[PDB]
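Data first, discussion second: the structure below is written as structure tokens.
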Amino acid sequence: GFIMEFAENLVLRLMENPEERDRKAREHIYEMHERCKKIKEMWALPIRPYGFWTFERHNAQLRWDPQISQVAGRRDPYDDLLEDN
Amino acid sequence: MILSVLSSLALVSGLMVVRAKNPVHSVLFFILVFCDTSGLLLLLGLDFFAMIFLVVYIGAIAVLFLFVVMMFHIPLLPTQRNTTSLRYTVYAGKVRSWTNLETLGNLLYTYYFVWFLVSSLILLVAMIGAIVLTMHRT
């Protein structure tokens, strides 16, 4: 053929779907705003959590001392006296 | 009254340590400071530390300093009318009563044994450092 009859549909192939572009734009806005709200919530967390000491890793002694309160140097004076019988 | 005079003499010796005229007398008063301090610890009831203070402070550190100096030249109110008779003694626990040494050694080498090895590493650092710096050997 001639030049323009091919350059026309060439440019038309080069250009994209606008419906896809609009859908992607509204989508991206939706999830970006949702993620923005999520990050805003995340930044509100205090440095020290409400539980803190309640956490099992932050006790480390309520389940260690009971198995140590029997060794010498930690016993209540009234433990060795009546342990004989 | 034994505590007051001892503390005062220790304070005077410590004051004269920093305003001394020559290093020899400074070290001499430095020794007396630890002597009084060990006496004070002895009054406190810790005989072991009171004598380690002689063994280490005025046994090795004071000797080291002297060697270097030789060359290179709410409270309760004092009313106690009815408190010396209100002492309740729990006889349980007096039987099999450990000293300041057995109690310390019970848990120094067994439970808190990492810090003991850290102190060993500190001693090794000191031993190595005293050699690397000062070996002229000419």
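Every chain in the structure tokens takes a letter, A first, then B, and so on in the order presented; its residues are numbered from 1, and the ligands are numbered from 1 following the presented order.
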
Practice prompt. With a distance threshold of 8 Å and counting only C-alpha atoms, extract the residues of chain A near chain B and express them as an MDAnalysis selection string.
Written response: chainID A and resid 73 77:78

Practice prompt. Tell me which protein, DNA and RNA residues are within 12 Å of residue 22 of chain B, counting only C-alpha atoms, leaving out same-chain ones fewer than 5 positions away, and put them as a PyMOL selection string.
Written response: chain B and resi 16-17+27-29+69-70+73

Export C-alpha atoms of the chosen residues as a PDB file, in the first residue's frame?
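So the final result, stored in again_32.pdb, reads:
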ATOM      1  CA  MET B  16      45.441  14.736 101.978  1.00  0.00           C
ATOM      2  CA  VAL B  17      45.934  12.223  99.146  1.00  0.00           C
ATOM      3  CA  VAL B  27      50.834   6.958  98.198  1.00  0.00           C
ATOM      4  CA  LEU B  28      51.412   6.628 101.946  1.00  0.00           C
ATOM      5  CA  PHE B  29      48.081   8.319 102.696  1.00  0.00           C
ATOM      6  CA  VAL B  69      56.809   6.376  92.550  1.00  0.00           C
ATOM      7  CA  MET B  70      60.218   5.220  93.827  1.00  0.00           C
ATOM      8  CA  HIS B  73      61.148  10.597  90.164  1.00  0.00           C
TER       9      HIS B  73
END

Practice prompt. Would you return as a list in words the members of segment 39-75 of chain A that DSSP assigns to helix (DSSP H, G or I) on this structure's backbone?
Written response: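 After running DSSP on the backbone, segment 39-75 of chain A has helix (DSSP H, G or I) at residues 39, 40, 41, 42, 52, 53, 54, 56, 57, 58, 65, 66 and 67 of chain A.
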
Discussion item. Just the number, please: distance in Å from atom CA of residue 122 of chain B to atom CA of residue 57 of chain B, one decimal.
Written reply: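 Between atom CA of residue 122 of chain B and atom CA of residue 57 of chain B the gap is 17.1 Å.
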
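A straight line drawn from atom CA of residue 110 of chain B to atom CA of residue 61 of chain A is 17.6 Å long.
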
Worksheet entry | segment 34-46 of chain B environment, 12 Å, only C-alpha atoms, sequence neighbours closer than 3 positions dropped, as a VMD selection string | chain B and resid 1 to 14 17 27 to 31 49 to 59 61 to 62 99 to 101 103 to 104

Worksheet item: Distance atom CA of residue 76 of chain A-atom CA of residue 112 of chain B, one decimal place?
Response: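 A separation of 21.6 Å between them.
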